[PDB]
Amino acid sequence: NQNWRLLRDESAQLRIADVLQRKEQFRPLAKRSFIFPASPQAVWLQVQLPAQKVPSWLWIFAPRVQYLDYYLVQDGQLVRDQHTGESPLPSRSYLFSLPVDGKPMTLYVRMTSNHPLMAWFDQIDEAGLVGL
Amino acid sequence: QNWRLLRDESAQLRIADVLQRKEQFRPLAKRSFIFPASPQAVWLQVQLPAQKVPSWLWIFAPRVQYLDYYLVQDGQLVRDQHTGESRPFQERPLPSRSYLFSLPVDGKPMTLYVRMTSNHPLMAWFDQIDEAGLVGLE
Amino acid sequence: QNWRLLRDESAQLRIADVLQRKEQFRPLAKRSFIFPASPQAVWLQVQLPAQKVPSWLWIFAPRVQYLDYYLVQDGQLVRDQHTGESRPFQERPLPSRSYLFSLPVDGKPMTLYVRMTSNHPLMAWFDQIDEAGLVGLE
Amino acid sequence: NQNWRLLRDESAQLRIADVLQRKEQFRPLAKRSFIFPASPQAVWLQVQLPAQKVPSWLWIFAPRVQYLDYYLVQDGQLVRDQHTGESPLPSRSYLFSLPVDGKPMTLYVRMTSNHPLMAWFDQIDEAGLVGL
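Residue numbers (PDB author numbering), protein chains in the order written: chain A, 47 to 133, 140 to 184; chain B, 48 to 185; chain B', 48 to 185; chain A', 47 to 133, 140 to 184. A prime marks a further copy of an entry chain.
Structure, rendered in structure tokens:
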């Protein structure tokens, strides 16, 4: 029972455009984290969310991720894109604020790394974990 | 000027109107105002030259129910936000009630301690961040 | 490590104690935690090297009633704050619910508009500020 | 009926130590602003406040002030001191956060300028003007 699905792209060639054509390949998550042996795969997280009532963030904790790409889709078009990751930066968290605009949204996160790829992620709002 | 003000007692003017009334705005003596409870709408107009460095318009508007912001360039609406106390607060790169603690630049190591307690479930997210992560990226 | 944790189920340990129990703290896998509602006290311990640039410990602790922070150096208490939701929020250089609007650095002039409305008395303070005024000075 | 008093030091030689010995020379304010012809006087504002219950700031708006000196006294000793003023800075406001520590405090502000010295000042908290 979760809005959190995952796609492993062992080839690392999928771009956001490609991944939008591939939604039935995202598989469900039993839990909001993952861990994989160090490799050149791209891992894609897809988060399907309803329209938001209150300020929220996507929180991801992903140590040693070298490239983290974040995309926000509505509705079938790309509204925000940010490109970050460890690439003199002492943080390993990422927050992305989520718009309150009466619309559903999809988030996509691409992660790549030369180390074991792991991450934990949650939706949080000002009272904490969305869902209480 | 160049921080200016216009009172709309009708509460019914919109951005389109207020760009055709550019000159009805009266210069402020100081960068604040207070008016007794009324259904009026107050409009603020700020004219700025080109900018060399990051900067923000900061507005502290306690009890303002509807706040609407618009950035204009060449007579064009470039950005707009809508917030106020009767609406969701603006997006922020971090939750506005997060706690922040300045770490000293002083050539010495440091250890930090934080005790937390609650009668609701105990939950915290935390990290060390720099200027950029505090501000967001533009 | 080096972001570490210790659970005090008694809720009764104090800073003096927790410096004599340095090694009971267990390394975190990730920089957050959640525990079901209990009267325990959770202590966080963060070991940092000397610092070259401004930086902050950021803690987002929604529903935490009592939060206590201490900065230690050479085994000495250098700073301490006490806040949490059941206490006054920490001092901030600006009110934490102020609204901030990024002004673009783009070689062009700009005008800004803000509509405000309330059913309580109408009051706003505002200005254009830079990185330093946003952060305070150390 | 106000906690806001003023001292003109036409000589500009008073230091914070001197001004603490001179409290009966601060005269009351009819309103929370002032304006003087451009001159080399120092103007000192003294704000007497009770222990605070909630987060508050001292707000001062003082365009073209060249030196603004802020001091917070408790109880007879100087706890905070900041030295600012227009001296590439596009603001003309100053906020100073006020500690909530169950103690009264006195604020002192010294202002100097080569232009007409004016200022408006208020105590504000998260609901607005302290006093509503």
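We put the CB at the ideal spot given by N, CA and C, even for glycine.
A Cβ-Cβ contact shorter than 8 Å links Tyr146(A) with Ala108(A).
Straight-line spacing of the CA atoms in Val89(B') and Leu104(A) works out to 24 Å. Using a Cβ-Cβ cut-off of 7 Å, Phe107(A') is close to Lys77, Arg78 and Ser79 of chain B, given in chain order. Taking C-beta atoms as the reference points, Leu150(A') and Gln92(A') fail to come closer than 8 Å. By a beta-carbon distance limit of 8 Å, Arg51(A') contacts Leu75(A'). Their separation comes to about 6 Å. Close to chain A, meaning a Cβ-Cβ distance shorter than 9 Å, are the following residues of the segment 150–183 of chain B: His167, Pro168, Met170, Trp172, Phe173, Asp174, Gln175, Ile176, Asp177, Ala179, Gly180 and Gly183. The beta-carbon of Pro83(B') is placed no less than 8 Å from the nearest beta-carbon of chain A'. Taking a C-beta distance under 8 Å as the contact criterion, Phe173(B') and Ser79(B) qualify as a contact pair.
Chain order gives the chain B' residues near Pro142(A) as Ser102, where near means a beta carbon separation below 7 Å.
Every unbroken stretch of the beta strand (DSSP E) spanning 3 or more residues and falling wholly within the segment 57–89 of chain A' is given here in chain order: 79–82. Against chain B, the CB of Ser145(A') has a partner CB under 8 Å away; the residue lies at that interface.
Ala171(A'): member of the beta strand (DSSP E) spanning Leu169 to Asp177, first to last residue.
Ranked by Cα distance from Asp115(A'), the first of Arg73(A'), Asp153(A'), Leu60(A') and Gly122(A') is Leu60(A'). Residue contact with chain A for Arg110(B'): present (Cβ-Cβ distance below 8 Å to some residue of chain A). With respect to the 8 Å criterion, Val119(B) and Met163(B') are not classified as neighbours on the basis of their beta carbons. Leaving aside the five residues that flank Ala58(B') on each side, the residues in its chain whose CB is nearer than 7 Å to its CB run, in chain order, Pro86, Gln87 and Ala88.
Any Cβ of chain A closer than 8 Å to the Cβ of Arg139(B) would place that residue at the interface, and such an atom is present.
Nearest in C-alpha terms to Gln175(B), of all of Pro140(A), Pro168(A) and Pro101(A), is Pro140(A).
Going by C-alpha positions, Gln123(B') is about 37 Å away from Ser133(A'). Distances from the alpha-carbon of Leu181(B) to those of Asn166(B'), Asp153(B') and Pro101(B') put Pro101(B') closest.
For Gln123(B'), no Cβ of chain B is located within less than 8 Å of the residue's own Cβ. Interface criterion met: the Cβ of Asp115(B) is under 8 Å from a Cβ in chain B'.
In the DSSP assignment, the residues bridged to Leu118(B') are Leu159(B) and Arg126(B'). According to DSSP, residue pairing for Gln94(A') in a beta bridge involves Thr158(A'). Taking 8 Å as the cut-off, the beta carbon of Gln112(A) is found closer than this to the beta carbon of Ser165(A). Rounded to the nearest whole angstrom, the CA to CA distance from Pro168(B) to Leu184(A) is 9 Å.
Between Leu53(A') and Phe72(A'), the C-beta spacing is below 8 Å.
For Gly180(B), the secondary structure class from DSSP, reduced to helix, strand or coil, is helix. The residue from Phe148(B'), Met170(B') and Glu56(B') with its alpha-carbon nearest to that of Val125(B) is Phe148(B').
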